[PDB]
Amino acid sequence: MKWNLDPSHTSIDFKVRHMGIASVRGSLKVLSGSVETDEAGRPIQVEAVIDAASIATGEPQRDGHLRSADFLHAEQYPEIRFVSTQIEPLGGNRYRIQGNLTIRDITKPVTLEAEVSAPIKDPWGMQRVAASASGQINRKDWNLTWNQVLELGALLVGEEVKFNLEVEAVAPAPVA
Ligand SMILES: CC(C)=CCC/C(C)=C/CC/C(C)=C/CC/C(C)=C/CC/C(C)=C/CC/C(C)=C/CC/C(C)=C/CC/C(C)=C/COP(=O)(O)OP(=O)(O)O
């Protein structure tokens with residue numbers, strides 16, 4: 001069965017190390033996505049489209065820099081895209097999702113560790129299901145570089161981008 005991601009209750013949150021002593025946190029908004037489940041209700045395929053211009057870290061000048069031609073170039077590349085290539089059930093509600101993540105013109109493999117909830121009938125007719133997932137990427141894999149950075153050799157802006165997803169997905173009534 002096909003579930004559609006609800007952009008209003010899906011969150012993408014990320015963290016990057018700053019000067020080795022702290023983290024900068026940010027978010028991205030999802031535009032759309034879906035999950036297909038097999039007869040057993042295990043997720044088999046998942047895809048999402050993310051609004052690149054939505055990147056937000058709570059400082060407008062920094063967010064401008066992130067969106068600029070110097071970094072994400074969100075005017076030329078309005079989306080970040082994820083498409084799964086393999087989903088492995090791990091037991092219980094756990095799944096490992098391998099997929100391809102596109103940022104600008106570069107696509108690289110990423111791994112998500114996901115946990116899925118039991119579906120509910122929501123207060124408005126629809127079937128609704130949630131999931132949480134975690135992972136990390138190295139921004140340099142997408143040629144997203146930063147600076148002349150110097151501290152001891154250390155980094156102003158870390159290479160690793162840790163992220164957490166909270167997802168809600170929906171399907172029509174007992175009838176699709
Ligand atoms: C059944 C069911 C519901 C199943 C569900 C399945 C499921 C889990 C589906 C999920 C669908 C989705 C949404 C999948 C998404 C997949 C993935 C991997 C998404 C990843 C998104 C992501 C994190 C993209 C990140 C891109 C980047 C490059 C972020 C970069 C952040 C960055 C470098 C920030 C700057 C931070 C540093 C510290 C700046 C310092 O600031 P400052 O000192 O002021 O400097 P300046 O001002 O100069 O900028």
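Both ligands and their constituent atoms are indexed starting at 1 by order of listing. No hydrogens, no waters, no symmetry mates; every other heavy atom, side chains included, goes into these values. Along the sequence shown, residues carry numbers from 1.
- Checking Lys140, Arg17, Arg139 one by one against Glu160, the side chain to side chain donor-acceptor pair (under 3.5 Å) holds for a single residue, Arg17.
- When heavy-atom distances to ligand 1 are checked against a 4.0 Å cut-off, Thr10 has no atom that comes that close, whether in backbone or side chain.
- Between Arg128, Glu47, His18, it is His18 that holds the heavy atom closest to atom 43 (O) of ligand 1.
- Proximity annotation for atom 12 (C) of ligand 1: of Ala48, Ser84, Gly41, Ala48 comes nearest, heavy atoms only.
- Side-chain atoms of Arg104 and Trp142, non-hydrogen and from C-beta on, never get closer than 4.5 Å to each other.
- Of all protein heavy atoms, the one closest to atom 9 (C) of ligand 1 is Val46 CG2, 3.4 Å.
- Annotation: atom 4 (C) of ligand 1 to nearest protein heavy atom, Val35 CG2, 3.7 Å.
- Residue-ligand proximity: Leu165 is placed with a non-hydrogen atom under 4.0 Å from ligand 1.
- A donor-acceptor pair shorter than 3.5 Å cannot be found between the side chains of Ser134 and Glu113.
- For the pair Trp3 and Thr37, the minimum side-chain heavy-atom distance is below 4.5 Å.
- Of the protein's non-hydrogen atoms, the one nearest atom 32 (C) of ligand 1 is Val16 CG2, 3.9 Å.
- Side chain to side chain, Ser132 and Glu115 meet the donor-acceptor criterion of an N or O pair below 3.5 Å.
- Atom 1 (C) of ligand 1 has its closest protein heavy atom at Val129 CG1, 4.0 Å.
- In this structure, the side chains of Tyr95 and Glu88 stay at 4.5 Å or more apart for every pair of heavy atoms.
- Shortest contact from atom 26 (C) of ligand 1 to any protein heavy atom: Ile103 CD1, 4.1 Å.
- Between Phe82 and the options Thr107, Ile97, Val30, a side-chain contact (heavy atoms from CB on, under 4.5 Å) holds for only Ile97.
- The protein heavy atom nearest to atom 35 (C) of ligand 1 is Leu66 CD2, 4.0 Å.
- The nearest protein atom to atom 45 (O) of ligand 1, hydrogens excluded, is given as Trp146 CZ2, 4.1 Å; this is a heavy-atom distance.
- Residues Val35 and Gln45 form no side-chain contact, since every pair of their non-hydrogen atoms from C-beta on lies 4.5 Å or further apart.
- In this model, a donor atom of one side chain and an acceptor atom of the other lie less than 3.5 Å apart for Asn138 and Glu159.
- Taking every non-hydrogen atom of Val24 and a distance limit under 4.0 Å, the qualifying atoms of ligand 1 come out as 36 (C), 38 (C).
- Within ligand 1, the atoms closer than 4.0 Å to a non-hydrogen atom of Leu144 are 28 (C), numbered from 1 in the order shown.
- With contacts defined as side-chain heavy-atom distances shorter than 4.5 Å, the pair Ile12/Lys29 does not qualify.
- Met19 is connected to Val149 through a chain of hydrophobic side-chain contacts under 4.5 Å among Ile, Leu, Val, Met, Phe, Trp and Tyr, so both are in one cluster.
- Taking each of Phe82, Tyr95, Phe71 in turn, the one with a heavy atom nearest to atom 33 (C) of ligand 1 proves to be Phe71.
- Of all the heavy atoms of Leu28, the ones lying under 4.0 Å from any atom of ligand 1 belong exclusively to the side chain.
- Using 4.0 Å as the threshold, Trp3 has no heavy atom nearer than that to any atom of ligand 1.
- At least one heavy atom of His65 lies less than 4.0 angstrom from ligand 1.
- Residue, atom and distance of the protein heavy atom nearest to atom 41 (O) of ligand 1 are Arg62 CD, 2.9 Å.
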